[PDB]
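Below are two forms of the same protein chain, given as C-alpha cells: structure 1, then structure 2.
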Structure 1
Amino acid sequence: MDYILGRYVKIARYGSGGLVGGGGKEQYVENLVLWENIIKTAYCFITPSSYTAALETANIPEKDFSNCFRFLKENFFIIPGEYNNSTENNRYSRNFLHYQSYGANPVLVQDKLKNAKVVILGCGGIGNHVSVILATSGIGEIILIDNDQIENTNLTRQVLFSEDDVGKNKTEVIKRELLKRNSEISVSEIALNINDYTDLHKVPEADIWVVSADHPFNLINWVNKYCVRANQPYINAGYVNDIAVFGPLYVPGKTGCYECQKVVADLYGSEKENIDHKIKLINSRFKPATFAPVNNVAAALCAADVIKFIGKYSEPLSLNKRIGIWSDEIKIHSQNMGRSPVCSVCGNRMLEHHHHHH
C-alpha cells in the first residue's frame, strides 16, 4: 500500500508548534518537536511509497514515524497512491483535490455523481441555479419539474436566461443551457406544478429531490409528509425576504424530518372577525422583497450538500438543520431538526410522564 502527500497540504510555523493543511481540514499542533517530525515524515511521502520504503529514508526514530504517519493518514494529508490516477485534465480535475482532501477516492466519487438521478422540484431562481452547479459537477441525470414560462422580471434572479427567452418554458431553456454546459448528461422535463398535495405522486423516484419553490408557502409541509411516507430523500432551499434558507436534507431512517422538532412558526389569523378580514387582506397583497445574491447563496450551499450526499465523501451541512444566512449582517443561524421518536410524521411513539406506582 503506497501513500503520497496531497498536493493541497500547506505548512507554516504558528503558536507553540505549527499548522498542517489549509482551509477546513487544517490542523493545529502544540508540540513544536512533533510538528518538525510531521514535516520530516511528510517529506518522505512526497513520492508514492509504502510505509516501510518511506521509513527507510527517515532520520527520526521508527517510533515517532508511526505517530506522524497515523496523524497524516487520518487527516488525509497523505493518501493512497491509487487516489492519484491522472487522466487528460479530466474536466473534473479542479474537483479532485477537494475530494482527496476529505479522504475519498475521487474516481469513486465521480462515478456516483455520474450514476445519480436528481429531481429539481421547481425551477425559479434557486432550482435554476442548483441544476447548473450539479450539471457542471457531473450529475448524470437531472429531472426538471415546472410548468411556468419565463417572464420579464425573472431575468434578475435566474442567471441562465436571455432576453431572447421570455415566453418560453423554464424547463425548455434550462434543459438547452445544461446541455451546452455538459453534453454527457441526460435531462428530462415534466410540465407540472405542485398545486395540491396529491400532485406529488406524479414526481419520480430519484437519489434526492431539490425542493425550492417559494410558493405555496406550505409546499415543504407537503413534500415532507410525502417524502417520509414514500421513503424519498429531499433537501429544501428558499428565502424569507432577505434571508437565505437551506436545509434540512432529509435521509429516511437516518435523520430528522421537517416536523421532528416542530421548529418553524405556526400560522394563525385573528380570533376577532373584524381584525381577521384586515389581516386576510394585507396578506393577500403580499409579494416577497427578494435580492438575487441571497437566492445564489442558498442555491450554492444547497448544491454543495447534494454533491456530498450522493458522493458519500463528507457529512452534508444540513442534516438535521434548517440554516439561515443573513444578507444585511454577518449572521448564520441553525435550527435543530434532529430525529424525534415522537414526531407526528415519522416514527411511531408517544411522549409521557413517569407514573410512579408507590
Structure 2
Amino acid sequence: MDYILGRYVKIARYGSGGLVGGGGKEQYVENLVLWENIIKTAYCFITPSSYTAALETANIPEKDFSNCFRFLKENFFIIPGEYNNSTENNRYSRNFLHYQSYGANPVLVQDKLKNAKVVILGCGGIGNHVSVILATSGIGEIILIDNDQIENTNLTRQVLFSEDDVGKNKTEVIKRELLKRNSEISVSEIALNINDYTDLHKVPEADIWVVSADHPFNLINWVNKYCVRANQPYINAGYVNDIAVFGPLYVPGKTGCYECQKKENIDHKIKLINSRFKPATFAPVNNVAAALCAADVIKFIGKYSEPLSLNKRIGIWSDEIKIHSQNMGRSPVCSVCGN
C-alpha cells in the first residue's frame, strides 16, 4: 500500500510556522516544530512508499510521524501510489493533478467523462466556451444545438469562430473546431430553434443539458418544466449585463428546480422597454460564467467534488469584488416539481 507526495503541494516559510499545500486546501500551521515535522514526513513520501518504509527513513518519533502522515493523507497531499499510474504524455495529465488534489483516482474521473453525453443548448458566447472546456477535458459526446448563423459581432465572445466563418451555422464551425482540438470525442449537431415548449422534445436525453439560450424570455421556464417532467439534469449559465451568472444545476429528486423559490398603460410601457432589451455583453463576463458552468459539469459527471450551483443561482460581479448566491432550494409547495 504505497503513498506518494502530490506534485501540487508546496510549502512556505510563513509567520511563526509555515504553510502546507496550495489553493483551497492551504493550511497555516502555527507551530514551527510541527510544521518542520510535516516537511520531514512529506519528504519521506516523495518516492512511492508504504507508511512503514517511509517511517524507516524518517528521523522523528513514530507518534509525530503518524500525526503528520494523517494530516497529509486527509488533505490529499499524499495519495495512493496507483493514483499516479498514467503516462506524463497523456493528453489529460494536467487535469489529473487537479483530480488527485480532491482525493480522486484520475483514471476513474477520466473514464466517467469519456462515457458521458452532454447537450449544449445554445451555441453563442457561453456555449462556445463551455463546449471547448468539456471537449478538451474528454467528455465523450457533445451535441450542439442552435439554429442561428455566425455574424461579425460574435467574434467578441465566441472564441471558436473567425472572420472567415461568418455566414456559416454556429454548430457547424464549433464541431469543426472542437474536433481539431480533440479528435478522440464524438460531436453531433441538431439544427433547432425553440419556439415553443413542445420543441424541447426534439432535444436528446443526456447526462446533462448546458442551457445558455435565452430567447424567448421564458425559455428557461420551458426548459425547467420539461426537464422536471423528463427527469433530465440541466445547468443554466449566462449573464445579466456586467454580472456573470451560473446555476442552478438541476438534479431530479436531489435538488430544487428553477421555479421553487419564485394599471394597463404603464404595463404597456414596461413591456416595450423590456422588448428593446439587449445585454451589455462583455467577453470577460461571458467567460467567467462559462468557465464556472463547465467546472460544475465536469464535477457533476466526474463526481470528485460538489458542483457549486446545486440549489443556487450564483452571480459574480465584474465592477466590484462580489459573489452572491441566490437560494434555489427545493420547495415542497412548488407547482412544477412539488406535491
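Numbering runs along the sequence of structure 1, starting at 1. Throughout, rigid core stands for the largest set of C-alpha atoms superposing within 1.5 Å between the two forms.
Shown in the overlay between the two structures, fitted on the rigid core, is a CA shift at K114 smaller than 2 Å. For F309, a C-alpha deviation below 2 angstroms is recorded between the two structures after rigid-core alignment. Think of the chain as two rigid blocks: between the two structures, the small block swings through 11° with respect to the big one. Relative displacement of the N152 Cα between the two structures on rigid core alignment is 1.2 Å.
Taking the core as reference, the C-alpha deviation of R70 between the two structures is 4.3 Å. Comparing between the two structures on a rigid core frame, one finds that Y8 has its C-alpha moved by 2.2 Å.
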